[PDB]
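> Contents of query-v6.txt (compact mmCIF, C-alpha atoms (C1' of nucleotides)) are given next:
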```txt
# COMPACT_ATOMS: atom_id res chain seq x y z
CA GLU T 265 51.27 44.50 -37.53
CA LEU T 266 53.35 44.19 -40.71
CA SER T 267 51.70 40.88 -41.70
CA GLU T 268 48.47 42.53 -42.86
CA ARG T 269 48.81 46.19 -43.83
CA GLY T 270 52.57 46.01 -44.11
CA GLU T 271 55.28 46.25 -46.74
CA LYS T 272 57.43 43.90 -48.77
CA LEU T 273 60.03 43.86 -46.02
CA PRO T 274 63.65 43.92 -47.23
CA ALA T 275 66.04 41.33 -45.84
CA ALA T 276 67.91 43.91 -43.76
CA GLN T 277 64.64 44.94 -42.07
CA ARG T 278 63.33 41.35 -41.73
CA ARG T 279 66.27 39.20 -40.61
CA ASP T 280 67.16 41.61 -37.79
CA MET T 281 63.60 41.50 -36.45
CA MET T 282 63.53 37.70 -36.65
CA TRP T 283 66.89 37.49 -34.86
CA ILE T 284 65.80 39.75 -32.01
CA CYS T 285 62.57 37.74 -31.66
CA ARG T 286 64.54 34.50 -31.32
CA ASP T 287 66.96 36.18 -28.90
CA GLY T 288 64.11 37.32 -26.66
CA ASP T 289 62.48 33.90 -26.62
CA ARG T 290 65.81 32.26 -25.78
CA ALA T 291 66.40 34.73 -22.93
CA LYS T 292 62.95 33.93 -21.51
CA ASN T 293 63.76 30.24 -21.67
CA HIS T 294 67.11 30.92 -19.94
CA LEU T 295 65.48 32.73 -17.02
CA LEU T 296 62.98 29.88 -16.59
CA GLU T 297 65.70 27.24 -16.44
CA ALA T 298 67.57 29.45 -13.98
CA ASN T 299 64.65 29.73 -11.55
CA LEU T 300 63.31 26.16 -11.58
CA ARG T 301 65.43 25.70 -8.43
CA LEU T 302 63.33 28.33 -6.66
CA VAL T 303 60.25 26.52 -7.97
CA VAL T 304 61.27 23.17 -6.46
CA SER T 305 62.42 24.82 -3.22
CA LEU T 306 58.95 26.33 -2.84
CA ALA T 307 57.05 23.20 -3.89
CA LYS T 308 58.90 20.90 -1.47
CA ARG T 309 56.68 22.20 1.36
CA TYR T 310 53.23 21.22 0.03
CA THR T 311 53.89 17.46 -0.19
CA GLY T 312 52.31 14.65 1.81
CA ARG T 313 48.69 15.22 0.79
CA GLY T 314 46.70 14.67 -2.39
CA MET T 315 49.25 14.76 -5.21
CA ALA T 316 52.88 13.78 -5.67
CA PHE T 317 56.18 15.66 -5.54
CA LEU T 318 56.62 15.81 -9.31
CA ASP T 319 53.05 17.01 -9.86
CA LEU T 320 53.71 19.83 -7.39
CA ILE T 321 56.97 20.64 -9.18
CA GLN T 322 55.29 20.89 -12.57
CA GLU T 323 52.50 23.07 -11.18
CA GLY T 324 55.17 25.36 -9.77
CA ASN T 325 56.78 25.37 -13.22
CA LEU T 326 53.50 26.53 -14.75
CA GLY T 327 53.30 29.24 -12.11
CA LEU T 328 56.84 30.32 -12.98
CA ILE T 329 55.85 30.54 -16.65
CA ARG T 330 52.99 32.83 -15.65
CA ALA T 331 55.22 34.93 -13.38
CA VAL T 332 57.82 35.48 -16.10
CA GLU T 333 55.10 36.36 -18.61
CA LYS T 334 53.72 38.99 -16.20
CA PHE T 335 57.00 40.17 -14.66
CA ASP T 336 58.01 43.85 -14.74
CA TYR T 337 61.67 44.80 -14.34
CA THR T 338 61.03 48.56 -14.20
CA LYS T 339 59.73 48.23 -10.64
CA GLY T 340 63.29 47.46 -9.48
CA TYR T 341 62.38 44.41 -7.39
CA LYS T 342 64.10 41.06 -7.10
CA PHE T 343 62.40 38.49 -9.30
CA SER T 344 62.16 35.86 -6.55
CA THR T 345 59.70 37.87 -4.45
CA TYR T 346 57.33 38.37 -7.38
CA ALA T 347 57.66 34.79 -8.61
CA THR T 348 56.94 33.26 -5.19
CA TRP T 349 53.37 34.57 -5.19
CA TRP T 350 52.64 33.12 -8.62
CA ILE T 351 54.23 29.77 -7.78
CA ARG T 352 52.13 29.53 -4.62
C1' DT K 1 81.82 -16.59 -19.74
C1' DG K 2 80.65 -17.26 -16.16
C1' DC K 3 78.50 -14.99 -12.56
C1' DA K 4 76.73 -12.64 -9.09
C1' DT K 5 72.09 -10.15 -9.05
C1' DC K 6 68.03 -9.28 -9.41
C1' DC K 7 64.08 -11.06 -10.86
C1' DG K 8 59.33 -13.34 -11.48
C1' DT K 9 55.11 -17.53 -9.34
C1' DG K 10 53.73 -19.99 -4.89
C1' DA K 11 52.16 -20.70 0.26
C1' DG K 12 44.53 -24.52 1.15
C1' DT K 13 39.58 -23.98 4.48
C1' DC K 14 35.06 -21.19 5.67
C1' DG K 15 36.00 -9.64 12.99
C1' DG K 16 33.95 -4.38 9.70
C1' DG K 17 35.10 1.92 8.41
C1' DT K 18 41.09 4.14 11.13
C1' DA K 19 43.27 11.60 8.60
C1' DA K 20 45.63 17.65 6.83
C1' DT K 21 46.51 22.68 6.00
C1' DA K 22 48.43 30.42 5.58
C1' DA K 23 45.24 31.57 1.56
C1' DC K 24 42.04 36.20 1.00
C1' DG K 25 39.26 40.27 -1.59
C1' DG K 26 37.01 41.38 -5.85
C1' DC K 27 34.49 40.85 -10.35
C1' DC K 28 31.14 37.88 -13.58
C1' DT K 29 27.67 35.20 -14.78
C1' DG K 30 24.45 31.84 -14.82
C1' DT K 31 21.16 29.02 -13.83
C1' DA K 32 17.64 28.76 -10.66
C1' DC K 33 14.35 30.93 -8.15
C1' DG K 34 11.03 34.81 -6.76
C1' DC K 35 7.81 39.23 -7.71
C1' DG K 36 3.51 41.30 -10.42
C1' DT K 37 -0.21 40.95 -14.29
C1' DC K 38 -3.30 39.16 -17.77
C1' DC K 39 -6.10 35.71 -20.31
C1' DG K 40 -8.37 31.05 -21.45
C1' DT K 41 -11.23 28.14 -18.80
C1' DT K 42 -14.73 26.35 -16.28
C1' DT K 43 -18.32 26.17 -13.53
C1' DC K 44 -22.26 27.42 -11.68
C1' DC K 45 -27.36 31.23 -10.42
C1' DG K 46 -31.53 30.57 -12.74
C1' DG K 47 -34.11 31.48 -16.71
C1' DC K 48 -36.94 29.44 -20.29
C1' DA K 49 -38.26 26.68 -25.50
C1' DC K 50 -41.16 23.79 -24.15
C1' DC K 51 -39.91 17.54 -23.72
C1' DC K 52 -43.78 16.55 -22.20
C1' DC K 53 -43.92 12.25 -17.89
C1' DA K 54 -46.11 10.31 -15.18
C1' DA K 55 -48.20 7.94 -10.54
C1' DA K 56 -52.59 8.96 -9.05
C1' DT K 57 -58.11 9.50 -9.97
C1' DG K 58 -62.66 8.08 -12.26
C1' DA K 59 -65.04 4.19 -14.23
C1' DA K 60 -66.22 -1.01 -15.49
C1' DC K 61 -66.22 -5.68 -14.38
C1' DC K 62 -66.30 -10.32 -14.61
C1' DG K 63 -64.76 -14.19 -12.71
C1' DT K 64 -64.27 -15.86 -8.48
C1' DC K 65 -63.90 -16.43 -3.83
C1' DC K 66 -66.33 -15.88 -0.20
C1' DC K 67 -71.63 -15.74 2.10
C1' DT K 68 -76.98 -18.62 2.39
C1' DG K 69 -80.23 -23.14 1.18
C1' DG K 70 -81.69 -27.30 0.98
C1' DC K 71 -80.61 -32.60 0.96
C1' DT K 72 -79.35 -36.62 1.97
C1' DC K 73 -78.18 -42.32 3.35
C1' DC K 74 -75.41 -43.31 6.77
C1' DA K 75 -72.33 -44.49 10.65
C1' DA K 76 -72.16 -43.07 15.45
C1' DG K 77 -74.95 -42.49 19.90
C1' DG K 78 -79.15 -44.75 22.28
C1' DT K 79 -81.93 -49.34 23.49
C1' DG K 80 -82.13 -54.92 24.43
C1' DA K 81 -80.46 -59.27 26.62
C1' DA K 82 -77.31 -62.83 28.32
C1' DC K 83 -73.36 -64.84 30.59
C1' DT K 84 -68.93 -66.22 32.50
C1' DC K 85 -66.83 -65.04 35.44
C1' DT K 86 -66.62 -61.96 40.15
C1' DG K 87 -67.72 -61.29 44.29
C1' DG K 88 -70.00 -61.89 48.30
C1' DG K 89 -73.05 -64.86 51.35
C1' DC K 90 -74.11 -69.46 53.56
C1' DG K 91 -73.03 -73.45 55.59
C1' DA K 92 -70.66 -77.71 57.57
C1' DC K 93 -66.74 -80.03 59.23
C1' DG K 94 -62.55 -80.85 61.96
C1' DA K 95 -58.52 -81.22 65.83
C1' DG K 96 -55.29 -77.83 68.64
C1' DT K 97 -56.63 -75.97 72.83
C1' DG K 98 -58.70 -72.79 77.77
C1' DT K 99 -59.21 -75.12 81.88
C1' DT K 100 -58.94 -77.73 87.33
```
Output the file's structure as structure tokens, nothing else.

Amino acid sequence: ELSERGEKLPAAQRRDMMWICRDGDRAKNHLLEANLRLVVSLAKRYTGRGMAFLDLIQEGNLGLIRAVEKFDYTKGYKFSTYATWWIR
DNA sequence: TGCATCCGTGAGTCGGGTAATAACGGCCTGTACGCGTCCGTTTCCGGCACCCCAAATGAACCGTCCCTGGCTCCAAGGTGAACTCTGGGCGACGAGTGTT
């Protein structure tokens, strides 16, 4: 929003925003690397037909990306239950 | 600095075809198909303006392809006689033969 129709942002008001942006992206990454184990545990079951183990794993990884992007913590549910549907 | 440890080529010649998984509503659209209507086309019914067109209806008609007329000038049918066989008619002569 500040890019066009903004203000000459001072350093105190710019560096903090940049830092929190990087922090959020890093936290997202961290959750993904945490839950790849759930991804592989789910994808182990669909083997033996069509495509290979690693292809299934990477498709589950894409599904996990989608699940994290569309997750909602306010609902007070464990993340695994929501992510399983998207992985599948 | 060997040294095991893979590691990369053989090794010839002309009956067919064999299987798995949670997935389920709900919205969009898109290309193909299915309705109703209108207009160019086109194609013929019968009309001329007449275009005339013509095979069919009167002549001659003249050469010619048929009739009738007379005339021969001859070669075939009718009129002879003989004759050389053609055939019958006449006659004599001779042995194989009916008989006591």
> For residue 330 in chain T, which residue out of T:284, T:304, T:347, T:342 is the nearest one, using all atoms listed in the file?
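Smallest distance to residue 330 in chain T is found for T:347.
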> Report as a Markdown table: every residue of chain K with an atom at most 12 Å from chain T, its closest pair of atoms, and their distance in Å to one decimal, counting all atoms listed in the file, with rows sorted by chain and ascending residue number.

```
| residue | atom | partner | partner_atom | distance |
| --- | --- | --- | --- | --- |
| K:19 | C1' | T:313 | CA | 10.2 |
| K:20 | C1' | T:313 | CA | 7.2 |
| K:21 | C1' | T:310 | CA | 9.1 |
| K:22 | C1' | T:352 | CA | 10.9 |
| K:23 | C1' | T:352 | CA | 9.5 |
```
> For the atom pair CA of residue 346 in chain T and CA of residue 286 in chain T, what is the interatomic distance in Å to one decimal place?
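Atom-to-atom, CA of residue 346 in chain T to CA of residue 286 in chain T, that is 25.3 Å.
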> Could you give me the axis-aligned bounding box of range 324-339 of chain T, with 6 Å of padding per side, as centre plus edge lengths in Å to one decimal, as JSON?

```
{"center_x": 57.3, "center_y": 37.0, "center_z": -14.2, "size_x": 20.7, "size_y": 35.2, "size_z": 20.8}
```
> Around the point (60.1, 26.8, -16.1), in the coordinates given by the file, pick out the residues reaching within 12 Å, counting only C-alpha atoms (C1' of nucleotides), and return them as a list in words.
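I get residues 292, 293, 294, 295, 296, 297, 298, 299, 300, 301, 302, 303, 304, 321, 322, 323, 324, 325, 326, 327, 328, 329, 330, 331, 332, 333, 347 and 351 of chain T for the residues within 12 Å of that point.
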> Can you tell me how far CA of residue 266 in chain T sits from CA of residue 334 in chain T, in Å to one decimal?
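The value is 25.1 Å.
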> Rounded to one decimal in Å, what is the spacing between CA of residue 289 in chain T and CA of residue 275 in chain T?
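Interatomic distance here is 20.9 Å.
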> Please output range 314-330 of chain T, rebuilt to include N, CA, C and O atoms, as a PDB file, keeping the file's coordinate frame.

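Result went into out-v7.pdb, see below:
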```pdb
ATOM      1  N   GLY T 314      47.355  14.524  -1.103  1.00  0.00           N
ATOM      2  CA  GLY T 314      46.700  14.670  -2.390  1.00  0.00           C
ATOM      3  C   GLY T 314      47.516  14.208  -3.581  1.00  0.00           C
ATOM      4  O   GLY T 314      47.283  13.119  -4.112  1.00  0.00           O
ATOM      5  N   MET T 315      48.479  15.018  -4.007  1.00  0.00           N
ATOM      6  CA  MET T 315      49.250  14.760  -5.210  1.00  0.00           C
ATOM      7  C   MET T 315      50.723  14.577  -4.865  1.00  0.00           C
ATOM      8  O   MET T 315      51.147  14.772  -3.723  1.00  0.00           O
ATOM      9  N   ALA T 316      51.505  14.205  -5.872  1.00  0.00           N
ATOM     10  CA  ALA T 316      52.880  13.780  -5.670  1.00  0.00           C
ATOM     11  C   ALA T 316      53.867  14.927  -5.878  1.00  0.00           C
ATOM     12  O   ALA T 316      53.530  15.998  -6.397  1.00  0.00           O
ATOM     13  N   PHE T 317      55.114  14.663  -5.473  1.00  0.00           N
ATOM     14  CA  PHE T 317      56.180  15.660  -5.540  1.00  0.00           C
ATOM     15  C   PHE T 317      56.330  16.224  -6.943  1.00  0.00           C
ATOM     16  O   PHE T 317      56.386  17.443  -7.132  1.00  0.00           O
ATOM     17  N   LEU T 318      56.398  15.347  -7.944  1.00  0.00           N
ATOM     18  CA  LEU T 318      56.620  15.810  -9.310  1.00  0.00           C
ATOM     19  C   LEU T 318      55.444  16.605  -9.844  1.00  0.00           C
ATOM     20  O   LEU T 318      55.637  17.569 -10.597  1.00  0.00           O
ATOM     21  N   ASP T 319      54.220  16.225  -9.472  1.00  0.00           N
ATOM     22  CA  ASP T 319      53.050  17.010  -9.860  1.00  0.00           C
ATOM     23  C   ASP T 319      53.128  18.414  -9.271  1.00  0.00           C
ATOM     24  O   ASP T 319      52.851  19.410  -9.956  1.00  0.00           O
ATOM     25  N   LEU T 320      53.523  18.510  -7.998  1.00  0.00           N
ATOM     26  CA  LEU T 320      53.710  19.830  -7.390  1.00  0.00           C
ATOM     27  C   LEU T 320      54.782  20.618  -8.126  1.00  0.00           C
ATOM     28  O   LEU T 320      54.626  21.824  -8.363  1.00  0.00           O
ATOM     29  N   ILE T 321      55.881  19.954  -8.491  1.00  0.00           N
ATOM     30  CA  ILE T 321      56.970  20.640  -9.180  1.00  0.00           C
ATOM     31  C   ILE T 321      56.489  21.216 -10.499  1.00  0.00           C
ATOM     32  O   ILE T 321      56.769  22.371 -10.833  1.00  0.00           O
ATOM     33  N   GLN T 322      55.747  20.420 -11.268  1.00  0.00           N
ATOM     34  CA  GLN T 322      55.290  20.890 -12.570  1.00  0.00           C
ATOM     35  C   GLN T 322      54.257  22.005 -12.443  1.00  0.00           C
ATOM     36  O   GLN T 322      54.226  22.923 -13.275  1.00  0.00           O
ATOM     37  N   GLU T 323      53.407  21.950 -11.417  1.00  0.00           N
ATOM     38  CA  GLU T 323      52.500  23.070 -11.180  1.00  0.00           C
ATOM     39  C   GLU T 323      53.264  24.339 -10.839  1.00  0.00           C
ATOM     40  O   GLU T 323      52.924  25.432 -11.314  1.00  0.00           O
ATOM     41  N   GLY T 324      54.312  24.216 -10.023  1.00  0.00           N
ATOM     42  CA  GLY T 324      55.170  25.360  -9.770  1.00  0.00           C
ATOM     43  C   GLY T 324      55.837  25.876 -11.029  1.00  0.00           C
ATOM     44  O   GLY T 324      56.036  27.080 -11.192  1.00  0.00           O
ATOM     45  N   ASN T 325      56.199  24.965 -11.936  1.00  0.00           N
ATOM     46  CA  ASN T 325      56.780  25.370 -13.220  1.00  0.00           C
ATOM     47  C   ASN T 325      55.791  26.176 -14.045  1.00  0.00           C
ATOM     48  O   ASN T 325      56.161  27.176 -14.674  1.00  0.00           O
ATOM     49  N   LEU T 326      54.527  25.749 -14.068  1.00  0.00           N
ATOM     50  CA  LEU T 326      53.500  26.530 -14.750  1.00  0.00           C
ATOM     51  C   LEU T 326      53.349  27.908 -14.124  1.00  0.00           C
ATOM     52  O   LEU T 326      53.231  28.927 -14.824  1.00  0.00           O
ATOM     53  N   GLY T 327      53.356  27.958 -12.790  1.00  0.00           N
ATOM     54  CA  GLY T 327      53.300  29.240 -12.110  1.00  0.00           C
ATOM     55  C   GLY T 327      54.469  30.138 -12.452  1.00  0.00           C
ATOM     56  O   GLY T 327      54.317  31.353 -12.590  1.00  0.00           O
ATOM     57  N   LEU T 328      55.660  29.552 -12.585  1.00  0.00           N
ATOM     58  CA  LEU T 328      56.840  30.320 -12.980  1.00  0.00           C
ATOM     59  C   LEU T 328      56.698  30.855 -14.400  1.00  0.00           C
ATOM     60  O   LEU T 328      57.116  31.984 -14.688  1.00  0.00           O
ATOM     61  N   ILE T 329      56.137  30.048 -15.304  1.00  0.00           N
ATOM     62  CA  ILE T 329      55.850  30.540 -16.650  1.00  0.00           C
ATOM     63  C   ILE T 329      54.979  31.783 -16.572  1.00  0.00           C
ATOM     64  O   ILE T 329      55.266  32.815 -17.197  1.00  0.00           O
ATOM     65  N   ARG T 330      53.905  31.700 -15.785  1.00  0.00           N
ATOM     66  CA  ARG T 330      52.990  32.830 -15.650  1.00  0.00           C
ATOM     67  C   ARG T 330      53.706  34.048 -15.068  1.00  0.00           C
ATOM     68  O   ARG T 330      53.532  35.178 -15.545  1.00  0.00           O
TER      69      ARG T 330
END
```
